[PDB]
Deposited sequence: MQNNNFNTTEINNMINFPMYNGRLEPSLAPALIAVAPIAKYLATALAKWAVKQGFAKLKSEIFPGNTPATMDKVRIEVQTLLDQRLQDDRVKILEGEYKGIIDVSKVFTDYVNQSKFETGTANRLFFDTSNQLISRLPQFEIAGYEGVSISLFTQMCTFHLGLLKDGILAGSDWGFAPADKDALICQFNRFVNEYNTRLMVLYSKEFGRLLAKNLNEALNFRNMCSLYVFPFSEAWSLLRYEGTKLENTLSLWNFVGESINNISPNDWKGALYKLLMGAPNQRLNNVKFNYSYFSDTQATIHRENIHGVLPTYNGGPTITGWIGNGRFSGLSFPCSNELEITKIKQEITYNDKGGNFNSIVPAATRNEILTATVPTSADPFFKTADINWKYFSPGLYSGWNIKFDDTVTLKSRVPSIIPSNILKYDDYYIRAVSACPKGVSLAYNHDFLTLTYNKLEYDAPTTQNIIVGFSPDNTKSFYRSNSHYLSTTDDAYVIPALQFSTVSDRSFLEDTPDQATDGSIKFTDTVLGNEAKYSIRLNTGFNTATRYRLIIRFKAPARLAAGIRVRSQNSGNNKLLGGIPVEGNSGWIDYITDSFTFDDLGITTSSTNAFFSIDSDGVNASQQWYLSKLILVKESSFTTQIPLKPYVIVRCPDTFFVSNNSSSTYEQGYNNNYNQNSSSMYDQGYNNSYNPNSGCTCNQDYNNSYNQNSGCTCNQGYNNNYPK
């Protein structure tokens, strides 16, 4: 890698495939239309023509090679043969079923029989796509197969007696859909946890590369599964992608990732970057043979609070007034003729985001290069077309472009080097405590790319609603204010940059979300709010959803919380923005979520709010059967 003189793209010799042109993008685009309006008895067939176009495994082959290329991991030749057999089997049985139900006349009893052939084919074959020791590659294949099965079950339930389903048989399908949509999520996160955890210990750069793959090929579909029981929601992905430059880092635990590092990468989650600072040192010897540059710290400053950001690493000058803040010190030293430094430079470098209608960095050219045997080693730092640092190493350091089409640079951070990440987890919060981590150095820079769909919030700090939108998603991290003793929780299966964990035991727990109405908004249209939250223990006073507008506060819903280990979707009663007194000129309007103080066992999570029009939204698959009193067992009959 050090002998090769190639322009590089995120540490690779070739530019990566744009996120919008990946093999699974047409499947995600179809699911977005299906989740907004489900085509009854056609939903599964149209999904099948995207997963298995022309009754071929061609798309699942294109997914495998794209993923193998990105991970630089490969399945065994014989395992590929096996998966070909399993695809052929699923295609054979599913073509028979869809050929039958697309005749103008068919027998409902036969359609019922061929449906279950397809369903039990997927139940028995699925474990072939949970491939032990190759979870990184197989998680993207397993994702699509679970998606295929869940789309089949949904279409069968809405089909009813048209495909020979009696009321009691329609109830048995609802019982399986509700069971599988949780079990598949569990079995998905089993694969992700193993591989992410294994790579956190091996190489942080490789771990971020795997999480980036899952952000595009996996987590958009787990979110689609959680929305599949509905019609008239919006499929949205706000996961960020992370690129790593610098010396290797390893031996990170998942607890290290969740407790510290991920909070350190996210900085102020509800704000765009303002400027990032680098603690730079340069060193040259008397003989002009040694030229070494080091980055000892990164200090990202975001557009506002309530999060407080400090040094990751340190901002100290070593090797040289404490109450004075030194930004730069040069030193030239001459010695008696008969490794000692001749020139040293210590500087705080600043990269400032431009103030314009588009206050974001798009691309970056950051690289670190070690020239054997170790005399030269230096850094280039460049955002967009602005050079922050050109290496004072005499030889030229190759370009290392960081970019993703339809993404922009939201965060710049680093991983502390030379210290354990197991400390201060309880005091790395969204407010009050300084989000920092002291280390002797970093010798790495991490860049966070957020998708262009988030540009409107991070530019304005408000959620602008258009009357032409059937649905809008408010991710929990895009808040205006949040209560103390609140944490950022990594919940990637939600296809967001995370959830808010509330832990305050005394005063109470609340997050506010600024909303605006775009001009021409119809304040008479009836809306609903979906609140997704996990609360594993009973709250006596439950969780309150409110609108606040310039002293006019409405209670939109009191959520009864009896305690559940899973994610819950509370749907409010219908309302209009006329009910709330909000207009296209309101400027202090918020949605708010609040609970009382919570003990250790009562600490709960807020994922997102979904605003839907009443006229287009329906629960198509219920949490409980209609007729039968209990779901059957998976036990003996």
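The chain's deposited sequence has unresolved stretches at 1 to 11, 332 to 335, 354 to 359, 659 to 724, with no C-alpha coordinates there.
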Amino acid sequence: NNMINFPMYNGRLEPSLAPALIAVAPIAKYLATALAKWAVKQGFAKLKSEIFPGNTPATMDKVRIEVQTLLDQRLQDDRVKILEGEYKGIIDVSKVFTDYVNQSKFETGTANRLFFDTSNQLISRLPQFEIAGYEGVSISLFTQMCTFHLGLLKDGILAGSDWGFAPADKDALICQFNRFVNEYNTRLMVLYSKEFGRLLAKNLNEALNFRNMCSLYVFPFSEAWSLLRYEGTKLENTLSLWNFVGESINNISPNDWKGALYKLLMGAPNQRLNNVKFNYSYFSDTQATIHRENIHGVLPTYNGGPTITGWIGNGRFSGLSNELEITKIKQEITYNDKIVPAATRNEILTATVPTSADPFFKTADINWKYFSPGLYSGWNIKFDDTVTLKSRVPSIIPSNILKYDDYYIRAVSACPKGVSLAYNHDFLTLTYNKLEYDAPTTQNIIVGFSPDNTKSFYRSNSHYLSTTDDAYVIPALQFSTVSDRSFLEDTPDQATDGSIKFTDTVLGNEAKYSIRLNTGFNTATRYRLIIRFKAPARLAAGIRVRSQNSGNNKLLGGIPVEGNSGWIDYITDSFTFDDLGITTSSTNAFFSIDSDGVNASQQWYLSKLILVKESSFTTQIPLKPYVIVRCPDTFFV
From here on, numbers count along this sequence of modelled residues.
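Judged by mean Cα B factor in the deposited record, 370 to 378 ranks above the other of 370 to 378 and 510 to 518.
When the two stretches 10 to 18 and 624 to 632 are set side by side, the higher mean Cα temperature factor goes to 624 to 632. The maximum CA B-factor among the listed residues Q144, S450, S391, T525, taken from the PDB record, is found at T525.
Comparing C-alpha B-factors across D497, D406, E347, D155 in the deposited entry, the largest value falls on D155.
Placement of the Cα temperature factor of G164 within the chain: highest third of the modelled residues, per the deposited record. Per the deposited record, the Cα B-factor of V419 falls in the middle third when ranked against the other modelled residues of its chain. Ranked by C-alpha B-factor against the other modelled residues of its chain, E86 falls in the lowest third. Ranked within its chain, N336 lands in the highest third, by CA B factor from the PDB record. Annotation for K29: CA B-factor lies in the middle third of the chain's modelled residues.
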